[PDB]
Structures are given as structure tokens and as C-alpha cells.
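**Q** Sequence, then the experimental structure. Questions to follow.
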Amino acid sequence: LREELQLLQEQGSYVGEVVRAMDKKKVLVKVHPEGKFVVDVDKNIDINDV
Amino acid sequence: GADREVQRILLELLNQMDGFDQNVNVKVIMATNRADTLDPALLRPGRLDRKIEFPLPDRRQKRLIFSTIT
Amino acid sequence: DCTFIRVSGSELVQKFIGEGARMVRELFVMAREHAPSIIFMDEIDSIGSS
Amino acid sequence: XXXXXXXXXXXXXXXXXXXXXXXXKXXX
Amino acid sequence: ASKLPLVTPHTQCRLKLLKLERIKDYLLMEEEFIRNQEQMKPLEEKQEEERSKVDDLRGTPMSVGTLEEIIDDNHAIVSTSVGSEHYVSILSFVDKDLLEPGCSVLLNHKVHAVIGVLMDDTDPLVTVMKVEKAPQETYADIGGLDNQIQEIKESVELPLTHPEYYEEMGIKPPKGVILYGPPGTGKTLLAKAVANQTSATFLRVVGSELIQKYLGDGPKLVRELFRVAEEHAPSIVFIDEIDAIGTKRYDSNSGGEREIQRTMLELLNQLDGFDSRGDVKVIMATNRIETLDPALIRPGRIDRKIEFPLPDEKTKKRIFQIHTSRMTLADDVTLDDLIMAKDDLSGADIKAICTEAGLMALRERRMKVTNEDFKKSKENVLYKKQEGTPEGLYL
Ligand SMILES: Nc1ncnc2c1ncn2[C@@H]1O[C@H](COP(=O)(O)OP(=O)(O)O)[C@@H](O)[C@H]1O
């Protein structure tokens, strides 16, 4: 609880929907309002899980 | 560009028309003059069941309306 | 003595764009999975499209 | 059968945000 | 890729034997030069070094825009997802050749420069109108035409399959073919049979479905039809049933019929007015031929007109055989009981008989085939014709 005050003075995270992935560890995501983005995946996740 | 936005409200209307709980006391009353140019998805068992018309008066009801106003 | 399947599917599914390309797919998976089955339909496409 | 139509507009919404660590004086 | 554009002998002349073996020499030697690169300095210079220079050059989040216009060579105008438009320069990393307006791109953050292109999807209009695969039976289905088969083959197939004779005399093939005759003859069959055995794309269009309750959409569907047919492939455009949609200017009225006049007027120009469309095969099918607009009938648009008669006792013996080729046949039946007798009934009537005998047998839950199946089926198909006939006695 004492540590907690700094951790919520920290930026949030977006949520989007994967249309479909393509080669070289990238996907294609419309977020909520805006266009579609070709972005990077994490190192903890896999391409096959998408 | 428009009737998409119009009909998706009707879908939003019908979705939250169906699933209250059949226990929460919410009464919904709607009224028009023209009961003809309607979607029969409103005219389903579960959403809108009671259908009440307000017709023109007759000789007895003309006497009753004349009595109250005068 | 066949597995009856009633599909109402009137217009609330006609609006659904992103899953509109799969609602027939897994439904026909469901027909060939459960039993000798019989799928029933109605006016719903003719009100939607001709 | 041979009938024209007009149209309409559905304008999108707009929103903006910043880091908000900028002071607006510089005067005086 | 576009290695040498010359084809001009176009025969067994010794010139092509010399030129193509020069091309054999310049390609072997280019290979044998470059084979001695991975032999003596077999270095991997640009596996990731080309990539990591550029993946670090572009941003890690990519954003999809939309082309609007293209200006001189590097800077073009784009559109963001909301409508904010940016006059940004493209790089020499994207294929400039598949960069036409109305396409998605990839952008940057700071300078918003065009970095890459996203590939397109398949248009729905091909999936609507194109008979996608080889649909149905081949020339084992048809009953003895052998002259009508010969005309459509040398008008479409032999021009397409073996083009060598037209370019000897320099004479272009004829363009348009009309299929006409009494209904129930096999006009839809002959289109689908050529659609079965083909090498180019085939397009089927029902002509009655070209009348919209809006307006302007008549010519709009036409001008997109040949646009798709030209841009896609070598193409064969078949439009069934043009007789009740494009007949003539019969009264020059208004209110819909004037719109139908405008749709055929666009189709007439979209068929042939300007900049000859090239590798576009047009095949049209009618029942009636007389009440057609002669501006379509003139050459330059349609050059082949093929009558479809009705054989009497000769090709029917296979049409009765082919429609009974996949079914049972008990020994009590003779097809000559019906072939020899009446001489006018259509091949569609023969199919109507050969299905009804299968209907009459299994309705009564019986075994294979009786003669009285073919008796009652022929009697029924008479009333299938006659009950819609107002004819009295000699008119
Ligand atoms: N020569 C034939 N061989 C086999 N079947 C035939 C023949 N002629 C007609 N038919 C039958 O009749 C039908 C003919 O279709 P078609 O005459 O093209 O209809 P329409 O002319 O009204 O478009 C086909 O379904 C086919 O089964």
C-alpha cells in the first residue's frame, strides 16, 4: 500500500482488436475509434496465440 | 450515412427491452397515432403485449364529454 | 427422430458485420456434430436481401 | 422506378489530450 | 521480368532461334558470373543489415492512411483516418508501381512519410457475378449439334487457345456472338459448356437483374462490369436474356422505360465506342431475335448470328439416353415409342420427362422403371405445355 502511490501515477494502456496478423511478428489492430495500426508483439506472447 | 445509426438504436432498444429480469417493476408506455408503419419486432410476445386503441366516441360517450366540459 | 435446430436470426444478426462471415460456419459445424439434424428457417433473409 | 434521393451527414466526434506540464505565463 | 520485348518473327524463322539463344547466353553468363560470388566471397551482406537499417529507419508503430492524389515523384497527398490530410514524401522502399489512388498506405509519426503499402483484398463483385469454377458437364452432355459447336469454337476457343492463324494474315477475330432460337433449346447449356472447358475467366449475367428501382444504377452496373472484366484477366462476358431489357425504342415514352433506354445506350457505348477493349469476349443469348434494336445488331458489335433449330428423331435418341444414363431401366421400355411419334418438343421437355418418371416411380414406392412411367410422364408434359395454350382450332 505504501509503494502503491507511485504506481498509479503511471500511464495506462490502450485496448484494440486484432484483425489478422502478418509476417515478421506483427499484427493489424484497429483500436477503438481510430484507424488500423501495424504494431509489435511482446516477448511473452506468441504469434500462434493471436 | 444515417439509417445505420437509426436502426442500431432500434436494435439497442430491442436488446434492452428483452432482458430486464421478469422481476424488476419497470412499465413502458408508448403511443402514436399510426399503428401501421411499425416493425413487428416490437409486436412480439415478451416486449409489447397489450394493444389498446382509442377510437372515436359514440352517443353515450358524447354525452359524457359534453357533461364534463360544460 | 432428428435433432431439431430452430434459427430465428432475424435482423439482430444481420447488422453484425464482423461476425457475419462466421455465423453460418460454426452453425453447420453444429449440425454435423450433434446428430442427424434438421435446420429450420423463415422469412428472415428475404426481409434482409434478395 | 426512376426516383432520386438526397442525403445527410453524420459528423464524427473529436477529443484532445496533453501531458499538461506547460505553464502559460512568460509575460512579466 | 520484361527481359526482351521482341517477338516479331513469330514463326520457325532462324531469327528467333538466334535471338533466344543470345538470351540463353546472356542469362547463363550472368548466372555463372554470380555463381562465382557465393564461391569465393560468399558473404551475407544484407540479410538483416538491409533490414535493421530500415526497420530502425521507420517507426515501430505503423499507421494506415489512404491515397488521394499523386504528385510528381516523391511527395503525394494522403488522408488520415479522420480526414486530416498530409503532403508527405514517399520513400524508395515501397513499390511505386502498384501505387494507384484509393489504396491504403503505411505512414510515420513525426514527418508522417509514406513508408509502405498494405496489400488489397478481393473485391466482392467478382464473387457475386463470376461462375468461379468449372460448374457442370462437358460436351458429353450436349445432343448432336456439331455445327453450332463448330462456330462458337472457332470464334472463341481456337482464337484463345491457339492464336497463330489470325496473326499470319493480320485479321482480327470477330467480336460478338448472338445465341437465339426457341426456348428450351440449350442456350444456357452451350454457355456453361464453354465455361466448363476454358482457359480464361467467365462472367455470367442475368439481364433481367439490370433494372434498379433507383436510377443511374442501370448504367452504373454496366460501366463497372466491363471495368472489372478488363482489369482482371482474359475474360469472356456472357449476358443471358437481353431480349426483354434492350429491345427497341418502341413508343419513346418516359417514366422508367426512358431509363431502360439510357441503360442500353450506355451498354452500347460500353460495348464498343472508344479504345477497343481488348481480350474481351462478348456472348449474348436471346429467345426472340426480331424485336431487337438494329444498332446492336450491326457489325462492329456483333458479327456472328447462330440459329438453334429443333431436331426431330436423331439427336433426341442421345438426349433421351443422356438424361436416362444415370438411372435404372427395366426392359419393358422403348424410347422409340416417343421419339418416333412427336417431332417438336424441346430438350427441356425431355429433361422434364426423364425427371417425372423418377418422380412417378418413387411416389408409388415401386421398383425401377415401368413403361407406364414414361406413358404418364409424357401425358403430363403435354398438359405442362397445353394448359398454358390459348389455341383453339386453326387460330
Ligand atoms: N441437346 C441437348 N442435350 C442435353 N440436354 C438438353 C439439350 N437441349 C436441351 N437440353 C435440356 O434443356 C435445358 C436447356 O436449357 P436452355 O435451352 O438454355 O434454356 P433457355 O434457352 O430457356 O435459357 C437444359 O436444362 C438441358 O438439360
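**A** Looks like it arrived, so ask away. Residues are numbered from 1 along each chain as shown, chains lettered A, B, ... in the order given.
**Q** which residue is nearest the centroid of chain C?
**A** The central residue of chain C, meaning the one whose C-alpha is nearest the mean C-alpha position (Cα atoms, centre = their mean), is residue C:7 at 5.0 Å.
**Q** How far off centre is stretch E:133-149?
**A** Put simply, stretch E:133-149 sits 17 Å off its chain's centre (Cα atoms, centre = their mean, to the nearest Å).
**Q** Kindly report the same for stretch E:352-359.
**A** In this view, stretch E:352-359 has its centroid 33 Å away from the chain centroid, taken as Cα atoms, centre = their mean.
**Q** so which strand or helix has the most centrally placed residue in chain E?
**A** The centre of chain E sits closest to residue E:202, judged by Cα atoms, centre = their mean, with a distance of 2.0 Å. According to DSSP states H and E, residue E:202 maps onto strand E:201-206.
**Q** Can you list the buried residues in that strand?
**A** Judged by neighbour count using 16 or more other Cβ atoms under 10 Å in any protein chain shown, the buried positions of strand E:201-206 are E:201-205. All C-beta spots, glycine's among them, are computed from the backbone N, C-alpha and C.
**Q** For chain B, what is the nearest residue in chain A?
**A** residue A:33 (15.3 Å; Cβ to the nearest Cβ).
**Q** where's that residue relative to residue B:1, distance?
**A** From residue A:33 over to residue B:1 the distance is 17 Å, taken as Cβ to Cβ, to the nearest Å.
**Q** quick revisit: so how far is the strand holding residue E:202 off the chain centroid?
**A** Averaging C-alpha positions (Cα atoms, centre = their mean) puts strand E:201-206 4 Å from its chain's average.
**Q** The following helix or strand past it near chain D at all?
**A** Moving toward the C-terminus from strand E:201-206, the first helix or strand encountered (DSSP H and E) is helix E:217-232. No - using Cβ under 8 Å from any Cβ of the partner chain, we find that helix E:217-232 stays clear of chain D, coming within 9.8 Å at best.
**Q** Helices of chain C, residue ranges please.
**A** C:25-34, C:44-48 (DSSP state H).
**Q** Residue 44: how many residues sit nearby?
**A** By default, I'm working from chain A. Counted with other Cβ atoms under 10 Å in any protein chain shown, residues neighbouring residue A:44 total 6.
**Q** That was the other one, I meant chain E.
**A** Neighbours around residue E:44, by other Cβ under 10 Å: 8.
**Q** Surely it forms part of a strand?
**A** No - Residue E:44 is assigned coil when assessed by DSSP: H, G, I helix; E, B strand; the rest coil, not a strand.
**Q** Quick check: end-to-end length of stretch C:37-50?
**A** Using Cα to Cα, to the nearest Å, the end-to-end distance of stretch C:37-50 comes out at 27 Å.
**Q** now that stretch, how far from the centre of its chain.
**A** 8 Å.
**Q** Which residues does that stretch contact?
**A** Stretch C:37-50 has contacts (Cβ atoms under 8 Å, 6 or more residues apart in numbering or on different chains) with C:2-11, C:14, C:27, C:30-31.
**Q** Please pick the buried ones from those.
**A** Buried residues within the contacts of stretch C:37-50, counting neighbours by 16+ other Cβ under 10 Å: C:9, C:11, C:14.
**Q** what's the burial count for the closest residue to the last one other than its chain neighbours?
**A** On the basis of Cβ to Cβ, 6 or more residues apart in numbering or on different chains, the spatially nearest residue to residue C:14 that is not a chain neighbour turns out to be residue C:48, at 4.9 Å. Applying other Cβ under 10 Å, we find 13 residues neighbouring residue C:48.
**Q** can you tell me how far residue C:48 sits from chain D?
**A** Between residue C:48 and chain D the distance is 21 Å, computed by Cβ to the nearest Cβ, to the nearest Å.
**Q** so residue E:310 sits right up against residue E:183, yeah?
**A** No - under the criterion of Cβ atoms under 8 Å, residue E:310 is not in contact with residue E:183, lying 10.8 Å apart.
**Q** any shared contact partners between those two?
**A** Common neighbours of residue E:310 and residue E:183 (criterion: Cβ under 8 Å, 6+ apart): residue E:346.
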